[PDB]
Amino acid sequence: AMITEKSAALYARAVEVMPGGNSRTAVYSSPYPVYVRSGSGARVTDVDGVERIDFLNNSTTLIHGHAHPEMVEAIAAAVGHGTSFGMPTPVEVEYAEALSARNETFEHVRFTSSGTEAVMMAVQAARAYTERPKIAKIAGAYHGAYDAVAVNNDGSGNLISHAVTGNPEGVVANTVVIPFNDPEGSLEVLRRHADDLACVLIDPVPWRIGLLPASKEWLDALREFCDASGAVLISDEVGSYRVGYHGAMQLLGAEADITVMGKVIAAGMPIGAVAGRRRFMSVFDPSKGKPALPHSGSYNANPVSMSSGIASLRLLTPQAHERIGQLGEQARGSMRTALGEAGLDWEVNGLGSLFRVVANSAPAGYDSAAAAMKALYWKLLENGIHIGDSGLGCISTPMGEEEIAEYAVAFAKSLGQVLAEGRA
């Protein structure tokens, strides 16, 4: 049914100049992905001219959807004054104040060009502050490609370290993993390494292991352990910040030492941020001699990304936050009803404007739950909707009741088609 000829032609060119025609693993699909030309509001038009509602929003980055007029105005004006400089600008100060105001723990901030960089610098900061080597992270959680955190980062709960080909033992031996939401099992691992732990790195709502929130009992156990041991508690909220108006830890009743942010904080332009209590951030301070931790980067705090951020935060009011949460609750409820009516036990998880369909059974005609979910992803594309290929999705502020209603119709239709094709 779908026409993807212009996508296929782009792919044929791409494979000659990129490895497998790809520049970002997560956007690839076999045999080739759909390529897109433009977006407006909640919708994206592919290169074959087909307009669809976007329910993933650049991996949850685009909290204000595509080309929001107020963001476009702010970004284009900044571009016109100069894209980047070898000197700081007024907008970096304005934006640091705006971000710092969102949570009491965000006392001092520094900007990067990506969440990947920000996680790296947060880990480096903890290592510099403590002068200890090890880090603990959640088994299965993703934090980007930096080698110390690219360990057990693919959704598995396995507690044995597992890393990318070529990541040396000298790196891997200094990262250990803990079981999400299991305080007892987590403390067993943490206490074995306490003297040597620089940090405990968490995501409070990690999607790859199911998009369930961290529990109070687990957060409290980790906070107490960090206080007793001197390890720094780092909350990577690059993806999960958006669940709360003051971020994810605050929504769940807890405080990080350092928080890593990105994605929605600029809602489409390259950025990351490290924000935390002054003492932890002091490793970066260059004002009283050489810093313990140098941290540069050509685009850090560039005024285009800062202007995107100012506009994103200004649009992300308490009212807007509440509204996209209500739409998210409605979407999750409708998915659960459709799954139930189709005889499927799959979970629908999420908080606020985030959701994930977690396929946990293989219906007839599919070799695995993951293959059935990939089929649902493709059927949803055919039926006018973009979600993730393992069930992730999200609401954007240009959406209203009609987009969520259209999604519900498409979701039920698509599920029926997936199941019928499997039984055929």
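Residue numbers run from 1 along the displayed sequence.
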Between 395-403 and 360-368, the record assigns the higher mean Cα B factor to 360-368
Going by the entry, of stretches 173-181 and 283-291 the one with greater average Cα B-factor is 283-291
Top Cα B-factor in this entry, restricted to 103, 305, 330, 259, sits on 330
Per the deposited entry, the peak Cα B-factor within the set 345, 97, 117, 203 goes to 345
Split the chain's modelled residues into thirds by Cα B-factor; residue 408 lands in the highest
Among the modelled residues of its chain, the C-alpha B-factor of residue 416 falls in the third labelled highest
Assert third(CA B-factor, residue 82) within chain per record equals lowest
Of the three thirds of Cα B-factor ranks in this chain, residue 112 occupies the lowest
Among the modelled residues of its chain, the C-alpha B-factor of residue 64 falls in the third labelled lowest
